[PDB]
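What follows is a single structure, written as structure tokens, with notes after it.
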Amino acid sequence: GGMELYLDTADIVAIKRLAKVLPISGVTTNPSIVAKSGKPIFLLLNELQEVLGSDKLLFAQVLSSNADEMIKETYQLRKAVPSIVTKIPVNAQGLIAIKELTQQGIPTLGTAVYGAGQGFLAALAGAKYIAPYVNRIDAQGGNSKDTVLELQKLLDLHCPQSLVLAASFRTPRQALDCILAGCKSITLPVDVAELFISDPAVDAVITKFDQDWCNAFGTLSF
Amino acid sequence: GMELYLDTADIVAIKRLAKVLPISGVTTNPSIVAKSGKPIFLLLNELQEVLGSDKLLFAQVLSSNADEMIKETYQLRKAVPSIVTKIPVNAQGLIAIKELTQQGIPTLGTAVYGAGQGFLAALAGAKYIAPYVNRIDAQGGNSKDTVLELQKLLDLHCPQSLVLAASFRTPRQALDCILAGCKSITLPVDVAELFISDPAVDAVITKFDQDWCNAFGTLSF
Amino acid sequence: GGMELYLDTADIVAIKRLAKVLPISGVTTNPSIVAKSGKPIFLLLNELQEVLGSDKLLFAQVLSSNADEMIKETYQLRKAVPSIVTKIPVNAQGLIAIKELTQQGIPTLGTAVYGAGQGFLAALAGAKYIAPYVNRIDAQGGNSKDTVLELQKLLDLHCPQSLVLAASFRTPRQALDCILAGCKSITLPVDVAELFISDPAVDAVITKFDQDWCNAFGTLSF
Amino acid sequence: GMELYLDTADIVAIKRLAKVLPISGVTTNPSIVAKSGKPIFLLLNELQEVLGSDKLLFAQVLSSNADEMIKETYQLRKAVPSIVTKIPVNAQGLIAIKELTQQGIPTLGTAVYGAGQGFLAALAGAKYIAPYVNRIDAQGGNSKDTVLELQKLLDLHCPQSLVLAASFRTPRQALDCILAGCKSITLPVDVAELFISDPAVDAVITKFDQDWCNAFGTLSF
Amino acid sequence: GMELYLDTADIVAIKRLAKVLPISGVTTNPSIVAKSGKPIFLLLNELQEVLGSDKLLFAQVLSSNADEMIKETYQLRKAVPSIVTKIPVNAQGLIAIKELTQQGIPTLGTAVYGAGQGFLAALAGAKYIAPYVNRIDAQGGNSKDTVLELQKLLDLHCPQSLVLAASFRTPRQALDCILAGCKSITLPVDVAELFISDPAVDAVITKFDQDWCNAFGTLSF
Amino acid sequence: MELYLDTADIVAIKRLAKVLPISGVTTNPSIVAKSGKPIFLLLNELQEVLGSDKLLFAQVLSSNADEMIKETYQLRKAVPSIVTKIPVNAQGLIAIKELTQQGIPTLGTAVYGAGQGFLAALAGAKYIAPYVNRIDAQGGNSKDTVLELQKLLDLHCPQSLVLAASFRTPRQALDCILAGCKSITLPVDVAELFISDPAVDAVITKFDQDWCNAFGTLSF
Amino acid sequence: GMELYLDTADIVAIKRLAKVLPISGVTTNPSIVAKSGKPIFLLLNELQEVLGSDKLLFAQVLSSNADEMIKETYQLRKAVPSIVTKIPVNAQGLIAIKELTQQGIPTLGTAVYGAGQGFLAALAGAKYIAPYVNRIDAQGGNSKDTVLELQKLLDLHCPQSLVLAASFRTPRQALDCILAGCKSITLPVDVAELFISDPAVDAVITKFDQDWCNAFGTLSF
Amino acid sequence: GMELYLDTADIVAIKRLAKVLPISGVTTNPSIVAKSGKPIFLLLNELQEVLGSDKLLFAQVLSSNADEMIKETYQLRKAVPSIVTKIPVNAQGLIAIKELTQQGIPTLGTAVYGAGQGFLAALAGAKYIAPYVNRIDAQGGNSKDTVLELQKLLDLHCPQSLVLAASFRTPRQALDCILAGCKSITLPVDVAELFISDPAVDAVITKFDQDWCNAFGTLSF
Amino acid sequence: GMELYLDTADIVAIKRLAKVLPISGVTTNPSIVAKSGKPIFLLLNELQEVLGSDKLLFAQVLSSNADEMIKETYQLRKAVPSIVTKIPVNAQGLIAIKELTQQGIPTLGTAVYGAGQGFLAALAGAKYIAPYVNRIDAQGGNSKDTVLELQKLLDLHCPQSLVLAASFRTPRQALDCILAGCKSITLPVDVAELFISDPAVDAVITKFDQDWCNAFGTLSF
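Going down the list, the sequences are from chains B, A, C, D, E, I, G, J and H. Residue numbers are given in the deposited numbering: position 175 of the first sequence equals residue 173, and the series is strictly consecutive. Residue numbers are given in the deposited numbering: position 35 of the second sequence equals residue 34, and the series is strictly consecutive. Residue numbers are given in the deposited numbering: position 207 of the third sequence equals residue 205, and the series is strictly consecutive. Residue numbers are given in the deposited numbering: position 137 of the fourth sequence equals residue 136, and the series is strictly consecutive. Residue numbers are given in the deposited numbering: position 90 of the fifth sequence equals residue 89, and the series is strictly consecutive. Residue numbers are given in the deposited numbering: position 131 of the sixth sequence equals residue 131, and the series is strictly consecutive. Residue numbers are given in the deposited numbering: position 201 of the seventh sequence equals residue 200, and the series is strictly consecutive. Residue numbers are given in the deposited numbering: position 75 of the eighth sequence equals residue 74, and the series is strictly consecutive. Residue numbers are given in the deposited numbering: position 206 of the ninth sequence equals residue 205, and the series is strictly consecutive.
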């Protein structure tokens, strides 16, 4: 029980289109995604809320490398979007920020996770969501499938209050393996999300259905 | 809660197999209805007559546009108020499934060739997800692996949906599906018959009858 | 929990001997077993009840190949032995009979099962017991251990009100693999039943125990 | 090495697929020939000529008696001197195979449903052993396991014999056979065509063609 | 609820090991008693004296006849009212076990060499089942496989019984038994001592002391 | 591969030798007992039915190595190429060593464990016969024991081979040759089960039906 | 739940890492105290001031006699009432653990090189069992195997105890322990820091920041 | 091929077992000789006399210094010129092994508790490597795993060396060593006799004789 | 064959360890050289002196530019004609490796963190590929898996190259590398010592001596 599917993008046009088609729970962003959109972050977040509605969840990342400024940036994000989940890279200063924000009851996501132990520490520090960079692990000679299975196992064994938000994908096989490992949430870029619903075998069997129907009845109606 | 369906529009076969097998109803698709040559609303009433009222029917929308798929769903429901509507899992199909779920209308996401595809239909609200088992094997895939993955996703993440395994040329394909844990399956006539006609069974029954007749003369108590 | 161990014989002498030794729940018969005893089936059912007592369970098989007469034969058997379980071969006519008897609350066993799918259909039809012919599967180039594992798995997944009654054995290894697969009942021929309790290693160690005891104390007594 | 055969008596389909696929010959059985409706010697004449002399033919005896099986083998060898005679692996079949082996006549042991049965035919002298893959699956067995065991027995104990995998409803069945190590296989027409008609292949060729025409105007260098 | 017993009649070693290990009592068998040289009623008296009152004793009948095994059981119970009586799992032993179970008298089915044999004793009502682990290994068997099968049968079918693993020459055998899930075990002296006397432990404790004494002068706070 | 029949039934042997590609016939004292024939009368009967081109096995009776040797001589005198079966225990090992030195082939029989059977191979026995069904009958796992024994011979005894014996099911026999055993001896009931699958008769019946429906004769 | 400890006496390192990591306290052993040069009662006071009242401390007895180990346990409890005392799992160690458990004192059984040895300490009543993971690897063993076996024993038989995995040279060892199910672990400083100092993390964070600044010219919202 | 040795100094047992088992010689160690009460050169003379010349003997050096180990090796070669000298694989033993290999004197690296330790002795020139199988099990290890690792290293990197498996309490340990591929093994008396004393063998022989006697009267031809 | 190297600039340790271990040479890297404080040509002459003439040395280039890497390779060969030059496997190192290969100069591709990266160096001509085993574990990877993959790629595709496994904190890492099939390895001092200093070995040597002295009085023959 419980899957949360997110779109990993800041293209408002694609979000509007894919949110109609896919059963999505919200949108994740990161500094490069926001920069490639060219929109100031507070304007983007307003456009995101308008297109998504009020029942959905937004994620946005801090910029500073010291924990005190990360905490101040979280406050800015919360002021713009009161339910927003703040993404914090899992390093020394991030762990300091995650611990304090947890003490104040502010939800966080531990991001830029390349190893199972690294992400586990962010869960122990209080982050509800842990985001391994699946494709970057594969891009650096690792095995993202193994890393995600280990991370999910550690949360199942030891941190039931946290979950994996698998992120960073170039293929549907990567995404599929993450949710097969048990990840309770995932965020997909536009190109990978579209691939799940554009298999050519599906078109060909529908074409064959319509042809058989027309050859027997003339029109494609009941 | 296993549900066994027959995947056919052959009323003669359905009448016969419904007396033999513990079936919950009948599934159709546009090729099956086309092969019967009957208008679908006549066929649907014929199916209700042979099956009765405790059983469940499945029928497929025709158009590729979500608005007309929904209109076609309403036509089917009007003819058969309990029918489950089959909708291909593609962009327009997912839109239809979400709309119909919003209204409490049960659906089946069909023409599923991959586990992620089928999983998206369940998340959009379809109660049933039907992988095309044999078509996956026919196009160089491994249907056993695909069905295992899809059932695993439903067990992990969508306990309110089930796999309705479909499209079969061998009983081995169908058996592997229910061994994977699929809670529903629809068999074509030829595969259904194969499960219940093993020459080894006839042979041992013949030996039983010979032994009984050798000892007592008549095949009776 | 509840294991049910049956004896698969009509040999009254061997039944009273092995029922004193083994924890048996009753006796299964089939037409060849009854034919070999030479006794009319109602005479035999009388002697079986007398030798076994009132707490045990009996299984007897229909003769007819037509569903209507299988049903009537079931009623004949139930008239003689009100608690008897009727064995019905899992073929087309057999499934018709099982379906009707299930609606009427009459317990049945689906017998002559050579494949997991076949047996599963009898459980879906309502048969409480499913009896694969374990040794006959091995005798016809198959693999009885694989088949019994698939059958038990189907019942655990989908039919928790049915159980496997494993039958037809030439070796204790076959029977042991069945209860290891999780089969909740089993019926043993006399020779296989005796083998489970006549290992020469046990006799040798007891003999060594007695020799050590008499070497030390002179008598085999406390 | 690998010997690929077609399992059919349809002379039109054989001519079409022998142009397309790298086939080594054609196998027949009594039902296959019966379905064509052609007398056996008429059919063998047509098969020899459509295939040419480079290829191999397989045809099955009819009788249940070993001495008549042998005489029927002589009839086939007279018509097609290089033919391989198919003999069902049962008691009389095994007698024929031993006698024909002694006479230096090649045989195939057919109707194999178990690995031990097929192994006995190889020990008797049959060069080819044909498990009925799909019939094993159709009767509650597991053809993948049975073929693996048969192939392992020949690899361990009978290097002069090989499996000719036969009887197919899905390409997955046929692929599992050659992955098991089977050195020869015979496909019915519909399975052979499935191997070469995947719609994803069509889709990527169509896409290549659109990309080329946009860039260069015509589908030419 | 693990129960650890010692398998010995050496009363000096019992009181020593009972101060080190958390033992629940002592198991005997006719050879252990015979080698002790002490009559059993004297031995049983010394065991109660050394162990105290909250511990459990196991002793074995001598006769091969079920009626006399039952008489011997009553003799043991009169000397030690809480004692568990060990009965070999054979035809006469099973008769004895069933009768004593009906009378509410606890038993251990001993001299178990196979999983089926042990399982029958649990069905007959024995609370404890004692495979002879090392004797299985000694006669060309595999005790690890046999114990895993026995524990599996009890987990599946007899929740009220437990394995009391017995007969050991190596700690590896004992460790594999409790890893298999056996809820009780009885160890001979030499195997029990090996669990708690690793040279690596002494070596690391020595190095701890040397470091502490180099820092602070003596081995004290 | 060497396939033998494990029986003394002369009628059954003559029938199955025509059908199966057998190399000969193995006996043991119970098999000879059940026949009721004195062993030399039976062996001459076996050599007449089998012909001069097959191979016989027969077992010593004595428990003492010296008398096992003399019993082997009696066997060789009756059947010069016979392979003598010697139970693998301490006295049996002594006899096998000695017979090997005389150039007399032996089978080490009554093998219940891989180590035991391996020792008879190192002592010179060409054939090693595990009692497959007896291992299963006494709480063992014959498939495990036979895999271990065959592995030992593959690693260390190229001149020796397993002769798998004692069977109640074709499944047992198949698992032995799948394990690599190069010889096997089958009782009559198991041997016939390999060639009497009802599925095979059923498909030939359908073949004949399709052919007769198309052509009107069951002929070419 | 999970308990993460630091295995060190370096006060400067403890206060730095306690701010970063979600630690539950600090474990010490004789060598660790000896390197620090501080008398243990001074170091225990510093450790409380740096950590605060909510954390948990662990410290090891010195003696080899159960009596003196028990004395040293009371000295430690006098200074730190909530402290958990570490006792080597050997003969005299198990005597101390059995006595301290009967008094309701919590203990940790340390210097564990095998699963059986550690299991006996849990049966004696030690709440924590500390295998020396790296020392098992250092002496030709396989620490991953030993930790798996030890944790399986506690899961099967001692639900009131838990493994406190200790002694590490690589983060791979530490990760394997928590993947095995260990509910607690204590890390040396250098392994702890490696978990949070991957060059790939710095590289991707740098790319994010450079992308942002190239577009908007400041690192601010 | 396989080399089977006896690990004893019992001249009575050696003489008895050499007539039954195919043994290649006898190994000793300092404890086996000490337990004999015989001075080593007297014992070595007796072992040659009992075994004859076509056998191989193993004896172990005493000192911890490499120079004295070499001296002790010369004394053994003077006493028994074909003998194989056992050297414990530690720092000094490795120096001794490298020196004796340069001189053409064959050695066995003994007291091997880990695969890496044993491998270095092979690389240093020792023809035989002796893991202490039962001692690895006694100290919380897994002898099966260590021997498999040691054999693998020699197969991959040092095939001119071989494992001489030693130290046994059960035939199962011994059998696993030879199943792992060890080309030599040395057995204590009691384990060696267990391989040829299975009670199942005596029982089936008795049944054979009972069948024979019932049918013929005398247990003869 | 197996090449064992020491990964150090510690002349004293090398002299000591080369006496004990079968050492084929010494590997260095810029940190090891810098830590010794000796300019590289000084250290190389000192290594040649302690190792002698038939041992192999490895040394690493400094520059990030392929042209300058090649010139530095020429300087190293001038100093030590047989030296193997270490080159980091990045874009410029690959350029250097391809050019040095064309000149017949031997190279090692170092700083390998992924199997594909190392494989590219082998294809470019590097004879040795040096994965940084412990650094892979240090950064949240699995060194065991990465080494297995790298070795497999060389076994499948590059028969002229081998893995020189490097960078170790535990003997477990080192043993897993040679078990994976790596044909060369370089050990730091502390790990090399651990292979030959097991406390179990000392303890069994001590028992052998006590047994000998109890029965004979002196520790001599």
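Cβ coordinates follow ideal geometry from the N, Cα and C atoms, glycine included.
Check: Taking the alpha-carbon positions, what's the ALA120(C) to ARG171(I) distance?
Finding: 27 Å
Check: How would you list, in chain order, the residues of chain C whose beta-carbon sits under 7 Å from the beta-carbon of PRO198(J)?
Finding: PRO198, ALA199 and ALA202
Notebook entry, point to check: Is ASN133(J) close to chain K, meaning its C-beta is less than 8 Å from at least one C-beta of that chain?
Noted result: Of the protein chains in the structure, B, A, C, D, E, I, G, J and H, none is chain K.
Margin query: Report the start-end ranges of each alpha helix (DSSP H) in the segment 74 to 135 of chain C that is 4 residues or longer and not cut off at the edges.
Written below: 90 to 101 and 114 to 123
Item checked: Meets three-Cβ-pair contact criterion under 8 Å: the segment 1 to 9 of chain C and the segment 82 to 101 of chain C -> no
Checklist line | Per-residue contacts from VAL19(J) into chain I (C-beta, under 7 Å) | finding: The contacting residues are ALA90, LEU93 and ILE94.
Notebook entry, point to check: Are the beta-carbon atoms of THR145(G) and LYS126(G) separated by less than 8 Å?
Noted result: no
Item checked: Exposure label - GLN116(A); buried when at least 16 CB within 10 Å -> buried
Check: Would residue 258(J) count as contacting chain E if we go by Cβ distances under 8 Å?
Finding: Given that chain J is displayed from residue 0 to residue 220, the structure contains no residue 258(J) and the question cannot be resolved.
Check: If you draw a straight line from the C-alpha of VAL162(J) to the C-alpha of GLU67(H), how long is it?
Finding: 50 Å
Notebook entry, point to check: Within this structure, are the beta carbons of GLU45(I) and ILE69(I) separated by less than 8 Å?
Noted result: No. Outside cutoff.
Notebook entry, point to check: Applying the criterion that 16 or more other CB atoms from any shown protein chain within 10 Å of the CB defines a buried residue, is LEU41(I) buried or exposed?
Noted result: exposed
Note to self: Using 8 Å as the cut-off, can you tell me whether the segment 196 to 207 of chain G makes contact with the segment 123 to 138 of chain B, which would need three or more C-beta pairs spanning the two stretches below that distance?
What the structure shows: The segment 196 to 207 of chain G vs the segment 123 to 138 of chain B: in contact.
Check: To the nearest angstrom, how far is it from the Cα of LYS34(C) to the Cα of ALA12(C)?
Finding: 15 Å
Item checked: Inter-residue Cα distance where the pair is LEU152(H) and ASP154(I) -> A straight line joining the alpha-carbon of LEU152(H) with that of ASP154(I) spans about 30 Å.
Check: Are at least three pairs of beta-carbons, each pair with one atom in the segment 207 to 214 of chain G and one in the segment 18 to 33 of chain J, less than 8 Å apart?
Finding: As far as the Cβ criterion goes, the segment 207 to 214 of chain G does not touch the segment 18 to 33 of chain J, which means the pair count is below three.
Check: Rounded to whole angstroms, how far is the Cβ of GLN59(E) from the Cβ of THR27(E), which I believe are closer than 8 Å?
Finding: In this structure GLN59(E) touches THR27(E) by the C-beta definition: roughly 7 Å separates them, less than 8 Å.
Item checked: Under 7 Å from the C-beta of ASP210(I): neighbouring residues of chain D -> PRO29, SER30 and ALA33
Item checked: Minimum C-alpha distance to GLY0(D) - residue among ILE94(D), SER183(D) and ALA110(D) -> Selected option, being the one with the closest Cα: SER183(D).
Check: Looking at the structure shown, is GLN172(B) part of a helix, part of a strand, or coil, going by DSSP?
Finding: helix
Notebook entry, point to check: Between which two residues does the alpha helix (DSSP H) containing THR145(E) stretch?
Noted result: Here the alpha helix (DSSP H) through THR145(E) covers 142 to 156.
Margin query: In whole angstroms, give me the CA-to-CA distance for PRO29(B) and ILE195(B).
Written below: Using only the alpha carbons, I get a separation of about 28 Å.
Notebook entry, point to check: For a contact meaning CB atoms closer than 8 Å, what does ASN141(A) contact in chain D?
Noted result: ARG171
Margin query: Please report whether the beta-carbon of residue 223(B) lies at a distance below 8 Å from any beta-carbon of chain G.
Written below: An answer regarding residue 223(B) cannot be provided, because it is not within the stretch -1 to 220 covered by chain B.
Item checked: Residue closest to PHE57(D), alpha-carbon to alpha-carbon, out of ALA179(D), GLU192(D), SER142(D) and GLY108(D) -> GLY108(D)
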